[PDB]
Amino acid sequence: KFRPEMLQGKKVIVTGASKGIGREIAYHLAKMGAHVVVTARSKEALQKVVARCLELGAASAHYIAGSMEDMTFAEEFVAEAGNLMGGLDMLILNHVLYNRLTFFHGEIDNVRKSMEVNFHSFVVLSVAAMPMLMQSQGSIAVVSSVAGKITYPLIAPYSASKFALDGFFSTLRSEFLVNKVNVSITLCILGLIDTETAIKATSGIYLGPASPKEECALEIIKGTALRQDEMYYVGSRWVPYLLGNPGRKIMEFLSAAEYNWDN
């Protein structure tokens, strides 16, 4: 069971933390006494998040601005963040490329850009982070969506990127389990959350209820700190069970017995 003391003095990176859920994550970490380093494109927005973190009582707080479209930035961001904190205990991968809802009709560049920003960068970050995470037996939060488990019309590029995160990171978890690598990987599956981006983008099109971002952010922390495989925050107590896919869990357990683990 979660205690906020579990983040006291912990060294945590938060991406996409200028606004929305990621900003709320940073705020909760600050109140728990964590060291944070926040990132996003907007310097202006990030300065303001850092000031507020300090006031809430973070152990320390710093920002680094850049685009996660740029793989070299992602790699160098992590090195400098670990240098600022003297290590890393938790990597929270929360950023995402904004894409307007439309029926797909040939926007290949957006398919490319969505995969770069929402997927390849997450992998780059995690690779860059992995030595420090192994040293501290730390944790990664991979922030995804109900739309990275099922499909929804009007968001094909985004959903493909989120499916990919499941395929990659769940594979990596399985490998870490067999190899006795004590770095936890928590895939966070979120429903509609009441950030600004969401409410505007869905206005007039998607009518589901939205859940509060402040709560959403807290549950992401809690699940990742408890080293959960998955964390569901989706507006219903029943939906996590419909998304949990027990058939997949069965097939994975049985298929594992087919490997020659000695070789």
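One-based numbering along the sequence shown.
The stretch with the higher mean CA B factor, choosing between 38-46 and 226-234, is 38-46. Here the stretch with the larger average CA B-factor, out of 163-171 and 72-80, is 72-80. Reading the B-factor column for the CA atoms of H95, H120, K149, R100 in the entry, the top value corresponds to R100.
The deposited CA B-factor of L125 belongs to the lowest third of values across its chain. The deposited CA B-factor of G86 belongs to the highest third of values across its chain.
Among all modelled residues in this chain, the alpha-carbon of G247 has a temperature factor (C-alpha) in the lowest third.
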